[PDB]
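First the structure, in the form of structure tokens, and then the observations on it.
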Amino acid sequence: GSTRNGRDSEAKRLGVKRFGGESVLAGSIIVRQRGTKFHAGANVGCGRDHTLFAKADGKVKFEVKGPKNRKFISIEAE
Amino acid sequence: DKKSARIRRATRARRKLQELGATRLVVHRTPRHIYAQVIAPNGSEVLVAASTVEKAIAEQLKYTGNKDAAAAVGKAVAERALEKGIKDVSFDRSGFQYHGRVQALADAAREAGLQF
Amino acid sequence: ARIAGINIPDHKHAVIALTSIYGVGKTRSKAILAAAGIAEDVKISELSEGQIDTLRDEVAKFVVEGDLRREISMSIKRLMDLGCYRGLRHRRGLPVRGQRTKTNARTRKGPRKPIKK
Amino acid sequence: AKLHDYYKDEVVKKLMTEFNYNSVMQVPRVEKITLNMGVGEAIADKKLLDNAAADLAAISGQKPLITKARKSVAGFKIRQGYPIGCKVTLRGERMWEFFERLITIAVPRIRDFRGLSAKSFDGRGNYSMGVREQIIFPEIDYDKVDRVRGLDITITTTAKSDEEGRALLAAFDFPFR
Amino acid sequence: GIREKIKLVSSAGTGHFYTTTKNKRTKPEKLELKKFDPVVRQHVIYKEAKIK
Amino acid sequence: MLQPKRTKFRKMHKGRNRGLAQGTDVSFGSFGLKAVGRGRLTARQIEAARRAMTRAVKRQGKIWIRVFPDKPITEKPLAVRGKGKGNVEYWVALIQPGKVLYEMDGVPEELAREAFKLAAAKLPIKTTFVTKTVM
RNA sequence: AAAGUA
RNA sequence: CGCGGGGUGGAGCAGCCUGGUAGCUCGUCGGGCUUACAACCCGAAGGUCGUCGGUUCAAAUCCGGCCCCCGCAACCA
RNA sequence: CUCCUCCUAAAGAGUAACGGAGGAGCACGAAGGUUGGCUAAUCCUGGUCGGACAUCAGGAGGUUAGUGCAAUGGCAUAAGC
Ligand SMILES: [K+]
Ligand SMILES: [K+]
Ligand SMILES: [K+]
Ligand SMILES: [K+]
Ligand SMILES: [K+]
Ligand SMILES: [Mg+2]
Ligand SMILES: [Mg+2]
Ligand SMILES: [Mg+2]
Ligand SMILES: [Mg+2]
Ligand SMILES: [Mg+2]
Ligand SMILES: [Mg+2]
Ligand SMILES: [Mg+2]
Ligand SMILES: [Mg+2]
Ligand SMILES: [Mg+2]
Ligand SMILES: [Mg+2]
Ligand SMILES: [Mg+2]
Ligand SMILES: [Mg+2]
Ligand SMILES: [Mg+2]
């Protein structure tokens, strides 16, 4: 006999690229994600594939804010 | 609920203004009165304010809940803001339509000198 | 052209038009017209309202339309729940006035029902 | 307007004495009257919906709104978005005039009429009734009708229960049985 | 793959064209859009034509 | 023979069987048969023990089965070499020490002990007789 | 032109 | 076991592909022609499509199992 | 036999097998941009034809809906209408 399985897709290398406290340059990707598990905070942008990236030089900061206890990433100016 | 509906209506623009770090000119309208505040970018400090519940403004109006009162409040808030030296704000309609009394207030503030 | 809660034809003679009421036949229609003082051969289209209103109370003198239907239904229901011979005939849909059932009786029995196998 | 004045000038005090309300704002009010036609045969001939809408417009003195299917239903061969009804919402003066017309003219002209059911309340003081034939409304000419058509009438009331709803309706001499 | 390629040709006479696709069975009407012509450096009308 | 009426998936990874059990108290009856060992209980075993118990008490009292065979087990047929996972052949419950497997009520303790001994003789895992505790 | 049986 | 094709009025066979009640012939039933039967003529009825699940607003139909049947293949040492 | 989604995969990434399960080889000039507005499923009760299920009204409920098409991650400030 044979199997009807045997397929998969290539790994997409998502996840956090710069962790809390890391110094980054403007433009740096901070996290790659499907949809907004993390949300964009101060000095952070959200791209068309929901990548969060730095809009200014500084240090990465994660926090939980708002009425829904959501996770936000911001850049602290250094 | 009307109030919750209006708050939902206003949230997107308010979050955009906070992200932009703008100084807000927030308007609040009731059937009897209209109010205006100029709020610092942190969202928790009021720089200037003017409304029809103030005696100095309400004493010169036949009725505090119409377009003439709205224009008076807009002019007063713009004059006080210019006296404080602000000159640059973003209008926050707070979920009310940009129309009627709200629009008359905004037009009066623009005429008096606020840039928005 | 509105008597006893229904609409009567306007292009017909009064005597013919009145029979459209449930509970009014030719004889009762003739009696009602005689009581109202209206000719039988006059179309109700050319009748003034002052004649329709005098026809209406004459019609109301009788038991017609919904009242008559309720009365007939009540009498048949009384037979059925009494369970006499006539009531059983009404229950089973067979003729109730002693007609033959070996043949005929199609009005009471409906169309023919062929035997299955 | 006549029935509105009648309400404000007798019904308020009648209901206040009957139910011992502490405020006039507690008195049940007639919020709205909604007329509906479920024209499920328009899927075969949409012109039937047009005729039904014309009849509703004649009856209520208002332009009706065509209502579409909320979802596809296999049982009735309708897809989502199919226009299958028409409704009219009456408030204020139009509501009061229609209420007066319905109470004093149309309801007595109902075939074999013997009073409206007092159990046609939804539990929160709103009333619903069904008119089998539109010809009871004098605005509809019996000679020009191409097809008999019924409708549903709902009176939505600010009452809190069926007893208060029926008291308010009976204060207008509603023809209950 | 029923959609066919088409070009949108500048009305400014420059020869500039954009390309896109179209469902020709459902929308037989010609596509017409205002788009930027980089030759004359203005937005102008562009009209559908065959792909080549 | 217990077996899920339906399942999300037909086949399951082998997995492992570490830890102590949850559900170590007589919770429904007065007496219980508790596992002391670790292992798998097939649906056939569960049912063989149930039969032994029930006939011992003459269908008096009440009996609960606290375990359910929800894990499918596949086998490869004879004379087959790979080529995909084998076919589901039976169903098991994973058992850890401390698991109460059956409970009884409405019978004397001596009879319950006898019935449970007859049942344990059908099972591949060591067991012990337990009684309800107040706390 | 087509007419089998008892 | 592997690869295919199937299962639909009493029988043989369409429709299935491509989602919106399914047909033909023989057969059966009632009537007619005949002294009677056959042949012949007229009229009528009879299946929710092998069994379950899933998708779907909707399944004879698409998908996934299960049962029965048919045809190939199941080999080198 | 190329591509996508989950699991295996051992809480960063990556990670094999003729391992376990499903999909793609498009669609859309609006189903794209923006401004303004809006909020679901399901059930209960009352209501002409109307029925288990059509449209109407009220209530409960709170996203159990929705997303052009798999699955995962998302989505109310909606990315849903
Ligand atoms: K007889
Ligand atoms: K005869
Ligand atoms: K109410
Ligand atoms: K993983
Ligand atoms: K758009
Ligand atoms: Mg993957
Ligand atoms: Mg008569
Ligand atoms: Mg493990
Ligand atoms: Mg465990
Ligand atoms: Mg012979
Ligand atoms: Mg050879
Ligand atoms: Mg990992
Ligand atoms: Mg790891
Ligand atoms: Mg490696
Ligand atoms: Mg490797
Ligand atoms: Mg692999
Ligand atoms: Mg494939
Ligand atoms: Mg918007």
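Letters A, B, ... mirror the listed sequences (proteins, then strands); counts begin at 1.
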key: Complementary nucleotide of H/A45, counting Watson-Crick and G-U pairs under 3.5 Å   =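 Check on H/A45: unpaired, no WC or wobble geometry under 3.5 Å.
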
request  = State the pairing partner of I/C3; accept Watson-Crick or G-U wobble contacts with both distances under 3.5 Å, and report none otherwise.
outcome  =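 In the structure as shown, I/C3 has I/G23 as its Watson-Crick or wobble partner.
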
Atom [atom1], compared across [N] and [M]: separation rounded to whole Å:
N	M	atom1	result
H/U25	H/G15	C1'	16 Å
I/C28	I/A21	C1'	31 Å
H/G53	H/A11	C1'	32 Å
H/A59	H/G54	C1'	11 Å
I/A76	I/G62	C1'	12 Å
I/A78	I/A40	P	16 Å

key: SB check E/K22 E/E48 (cutoff 4.0 Å)   =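 E/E48 and E/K22: salt-bridged.
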
inquiry  = Between D/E139 and D/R101 (salt bridge meaning N to carboxylate O under 4.0 Å), is one present in this structure?
reply    =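 Salt bridge flag = yes for D/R101 with D/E139.
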
Just by distance, no angles: are the side chains of [X] and [Y] close enough, under 3.5 Å, to form a donor-acceptor pair?
X	Y	value
D/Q62	D/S60	no
B/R9	B/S94	no
D/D55	D/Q134	yes
D/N126	D/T156	no

query = If you write RNA chain G from 5' to 3' in dot-bracket form, with Watson-Crick or G-U pairs under 3.5 Å, [ ] for crossing pairs and | for pairs with another strand, what do you get?
reply = ...|||

task = Would you give a per-nucleotide map of nucleotides 34-40 of chain I, 5' to 3', where B means the base has a protein non-hydrogen atom under 4.0 Å away, S means only the sugar-phosphate does, and - means neither?
result = --SSS--

Nucleotide nearest [X] (side chain, heavy atoms from C-beta), chosen from [options]:
X	options	value
B/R12	I/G20, I/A78, I/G58	I/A78
A/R70	I/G58, I/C28, I/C75	I/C75
D/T67	I/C4, I/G46, I/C56	I/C56
F/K83	I/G29, I/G73, I/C18	I/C18

ask   = Taking the six-membered ring of E/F17 as reference, does the NZ or CZ atom of E/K7 fall below 6.0 Å from its centre and within a 45° cone about the axis?
value = yes

message = So D/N126, base contact, sugar-phosphate only, or nothing? Heavy-atom distance under 4.0 Å.
response = sugar-phosphate

